[PDB]
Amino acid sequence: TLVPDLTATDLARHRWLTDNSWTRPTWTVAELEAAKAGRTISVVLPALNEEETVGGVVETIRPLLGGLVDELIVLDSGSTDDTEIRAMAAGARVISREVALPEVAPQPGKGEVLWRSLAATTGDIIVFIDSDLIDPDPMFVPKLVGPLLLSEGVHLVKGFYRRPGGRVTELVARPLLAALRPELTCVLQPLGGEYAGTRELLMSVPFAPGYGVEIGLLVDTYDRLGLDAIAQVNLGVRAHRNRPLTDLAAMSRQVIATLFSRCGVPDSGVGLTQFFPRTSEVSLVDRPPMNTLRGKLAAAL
């Protein structure tokens, strides 16, 4: 709703940009591992047909397994290429959507994969890393768990990249956040695929379907716990991708639907038509908080 007390100039000077945003993180792995204090860490890579890149992402994380990282899992989203074998050969455990949660038939989309990974993991902290990254850096996981392990009251950490500009992020997500959740425009890259959260938080929020999942988690965390529970950390440089605009438009439509559902805005539910005459669909139905399925699964949560 209307927030005439907040201005853009205020947001550009927001204290959160100082206390909860790390542009030059300097935590070491050894000190992060010393700070775990009994918490365990699960790293989850969603993967749909990523045979060319998945092993490279896994190998940047695998030296952490058994130390900082307790579980390293690729959640296979129905791949028909060599994603599974290559992830295994790079040192990851691979779990299909069906094995993660056999009682429920899989739905398409990235949100489904991350939701199911809650049932397949045990860590008190869960780190998500995209498996299509061409140039992953081995400090991703340590930087993402830094605020969870050391800072107090942080439950969600968003990893951002410096440019050497994501169009949906800059034109869709951040301007709609300015309109609907203006404090969240402090987050540099709200749609980022590299982020970490505590299990308590992630088990208690719905998961948006498809490409809505990241923005849904960000807004639900903000609504439930406030901006101070969210942090962001610089992962380094990333050469920004060059995805087709038509893919981006269908993705923007789902981002809009998920943000509208979190913000009380009545979305029509109608998919996006594009003309050259092509259509895509949108989902208005989340997966409920995984906590709701507690007690009813063959594998305990």
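So that there is no doubt, residue numbering starts at 1 and follows the sequence shown. By rigid core we mean the largest C-alpha set that fits within 1.5 Å across both forms.
Rigid core fits of the other structures in 8 other deposited structures of this protein place the C-alpha atoms of one stretch farther away on average; of 262-270 and 60-68, that stretch is 262-270. Here the rigid core sets the fit, and in 8 other deposited structures of this protein the C-alphas of 287-295 stray farther than those of the other stretch, out of 14-22 and 287-295.
Modelled in this chain, residue 27 is likewise resolved in all the other entries of the protein that span it on both sides, not missing from even a third of them.
In none of the other PDB entries of this protein that model the residues around it does residue 9 lack coordinates, well short of a third. Unmodelled residues of the deposited sequence between residue 164 and residue 165: 10 or more. Stretches 31-39 and 65-73 differ in mean C-alpha B factor, with the higher average recorded for 31-39. Once the C-alpha B-factors are averaged per stretch, 149-157 and 171-179 rank with 149-157 first. Of the candidates 53, 254, 246, 268, the PDB record gives 246 the highest C-alpha temperature factor.
In this PDB entry, residue 26 carries a Cα temperature factor that places it within the highest third of its chain's modelled residues. Sort the modelled residues of the chain by CA B factor and residue 274 lands in the highest third. Looking at the C-alpha B-factors along this chain, the one for residue 135 belongs to the highest third.
Residue-level temperature factors show residue 103 in the middle third of its chain, judged at the C-alpha atom.
When all modelled residues of the chain are sorted by CA temperature factor, residue 60 is found within the middle third.
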